[PDB]
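Some notes on the structure that comes next.
First listed ligand is number 1; within each ligand, the first listed atom is number 1. Below, chains carry the letters A, B, ... as their sequence lines are ordered, and counting in each starts from 1.
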Amino acid sequence: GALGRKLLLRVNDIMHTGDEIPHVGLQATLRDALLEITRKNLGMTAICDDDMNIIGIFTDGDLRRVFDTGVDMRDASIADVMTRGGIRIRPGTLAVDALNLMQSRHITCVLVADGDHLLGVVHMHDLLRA
Amino acid sequence: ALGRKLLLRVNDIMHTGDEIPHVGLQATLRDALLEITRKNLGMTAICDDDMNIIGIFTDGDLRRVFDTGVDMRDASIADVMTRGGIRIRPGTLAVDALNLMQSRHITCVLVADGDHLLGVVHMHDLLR
Ligand SMILES: Nc1ccn([C@@H]2O[C@H](COP(=O)(O)O[C@@]3(C(=O)O)C[C@@H](O)[C@@H](O)[C@@H]([C@H](O)CO)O3)[C@@H](O)[C@H]2O)c(=O)n1
Ligand SMILES: Nc1ccn([C@@H]2O[C@H](COP(=O)(O)O[C@@]3(C(=O)O)C[C@@H](O)[C@@H](O)[C@@H]([C@H](O)CO)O3)[C@@H](O)[C@H]2O)c(=O)n1
């Protein structure tokens, strides 16, 4: 009942915004990106330009995948290891459709955007709270 | 529909057998991450020869150890795993598994009888 009602909300009204958005710049180090991931507690970070347009994203899963090189990755830049672009939805998207997208793509956090402009982020956990 | 899927026991939806991610106590961190990738659930158990759970390791745990700045390439899983872990019984309802995952801030959970690993359920599994 409550979950069903929450899934009829627009993501605009449940997404993380402002300082709760994980994002770093294009010149960030991988360690910078990891700190941002840890602090914002969503398992991922965006990589944005100065206008808050999405350049890329990096998840905890991405770290596992890039770690599978023999070389020492500790001083890598984020620009070299990020996923370019990122899966996103419009702010009027219903939570149910965000869930369906996340299920079909096997991701747990989706960017909320107007074109390339990052407005917020929604995590699967957000769709089941409140 | 939503109400029915949420009322299933996790026994009926969990991954079992070869689909369970596990490595042994002597595995390397690289062995552990290979198993995580191969089984596609973002985590692995660490088990003894009787399939008893010693610990777990998740993609989040990799971030936490990597961000210590120590070179982790040659690490052993025994030195970086989380001992113990959160588990549920096979009769746990999907809705209760979801609430547990929410409360513990996790997206995948082991299904066990005591320490005996029976299966694993991902948040994705619960929401088909
Ligand atoms: N069945 C499980 C699953 C996980 N864990 C442990 O719970 C801690 C958190 O698990 P996580 O998967 O690493 O949790 C994260 C985290 O570690 O940051 C992942 C991250 O991508 C993001 O999803 C955040 C948000 O906090 C979600 O609320 O949550 C880890 O030490 C992990 O070993 C456990 O004991 N038993
Ligand atoms: N809004 C998003 C979110 C993620 N991604 C990209 O989609 C890929 C998958 O995201 P993930 O979070 O890394 O997905 C994982 C993965 O490793 O692919 C994480 C893992 O812990 C586990 O949750 C598995 C599922 O078990 C697979 O069903 O799913 C990554 O390259 C990520 O950059 C994206 O483009 N846009």
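Annotation: the span from B:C108 atom SG to B:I86 atom CD1 amounts to 13.0 Å, rounded to 0.5 Å. Note that the CG atom of B:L117 and the CG atom of B:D50 stand 12.5 Å from one another [nearest 0.5 Å]. How far CG of A:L42 is from NE2 of A:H125: 9.5 Å, rounded to the nearest 0.5 Å.
Listed by number with element, the atoms of ligand 1 under 4.0 angstrom from any heavy atom of A:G43 are 20 (C), 21 (O), 22 (C). Which parts of ligand 1 touch B:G60 is read off a 4.0 Å heavy-atom cut-off, strictly below it: atoms 13 (O). When each atom of ligand 2 is checked for a heavy atom of B:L41 under 4.0 Å away, the hits are 22 (C), 26 (O). Counting atoms of ligand 2 from 1 in the listed order, those under 4.0 Å from a heavy atom of A:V110 are 1 (N). Which parts of ligand 1 touch B:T82 is read off a 4.0 Å heavy-atom cut-off, strictly below it: atoms 31 (O), 33 (O).
The shortest N/O to N/O separation between B:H122 and ligand 2 falls below 3.5 Å. Among the atoms of A:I87, some N or O lies under 3.5 angstrom from an N or O of ligand 2. Backbone and side-chain nitrogen or oxygen atoms of B:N40 are examined, and one is located within less than 3.5 angstrom of a nitrogen or oxygen of ligand 2.
With respect to atom 4 (C) of ligand 1, the closest heavy atom belonging to the protein is B:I56 CD1, 3.2 Å. Counting protein heavy atoms only, atom 15 (C) of ligand 1 is closest to B:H105 O, 3.9 Å. The protein heavy atom nearest to atom 7 (O) of ligand 1 is B:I106 CG2, 3.6 Å. Of the protein's non-hydrogen atoms, the one nearest atom 28 (O) of ligand 1 is A:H125 CD2, 3.2 Å. Scanning all protein heavy atoms for the shortest distance to atom 16 (C) of ligand 2 gives A:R65 NH1, 3.4 Å. Considering only non-hydrogen protein atoms, atom 31 (O) of ligand 1 sits nearest to B:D61 OD1, 2.8 Å.
Evaluated for a side-chain contact (heavy atoms from CB on, under 4.5 Å) with B:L93, the options B:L7, B:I88, B:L6 yield exactly one hit, B:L7.
Of the possible donor and acceptor atoms, one in the side chain of B:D71 sits under 3.5 Å from a partner among the backbone N and O of B:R73. Proximity of a side-chain donor or acceptor of B:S76 to a complementary backbone N or O of B:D79 within less than 3.5 Å is not detected. Within the 3.5 Å criterion, the main-chain N or O of B:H116 finds no donor-acceptor partner in the side chain of B:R87. With hydrogens and angles disregarded, no donor-acceptor distance shorter than 3.5 Å links the side chain of A:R64 to the backbone of A:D60.
Using a 4.0 Å cut-off between heavy atoms, B:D59 makes no contact with ligand 1 at all. Using a 4.0 Å cut-off between heavy atoms, B:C108 makes no contact with ligand 2 at all. With a 4.0 Å heavy-atom cut-off, ligand 2 is reached by the side chain of A:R64 but not by its N, CA, C or O. Here A:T59 has side-chain heavy atoms under 4.0 Å from ligand 2, and that is the only part of it that gets that close.
Looking only at atom types and distance, the side chain of A:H16 has no donor-acceptor partner in the side chain of A:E20 under 3.5 Å away.
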Would B:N40 and B:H122 satisfy side-chain contact (heavy atoms from CB on, under 4.5 Å), going step by step from the backbone distance to the final call? CA-CA 10 Å; B:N40 207 39; B:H122 198 278; over 6 Å; no

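Ligand 1 does not have B:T107 within reach: every non-hydrogen atom of the residue lies 4.0 Å or more from it.
Residue nearest to atom 35 (O) of ligand 1, selected from B:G85, B:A112, B:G84: B:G85 (by heavy-atom distance).
A continuous path of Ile, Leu, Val, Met, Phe, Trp and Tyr side chains, each step under 4.5 Å between heavy atoms, connects B:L127 with B:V111, placing both in one hydrophobic cluster.
Under 4.0 Å is where a charged nitrogen must lie from a carboxylate oxygen, and between A:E36 and A:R39 no such pair does.
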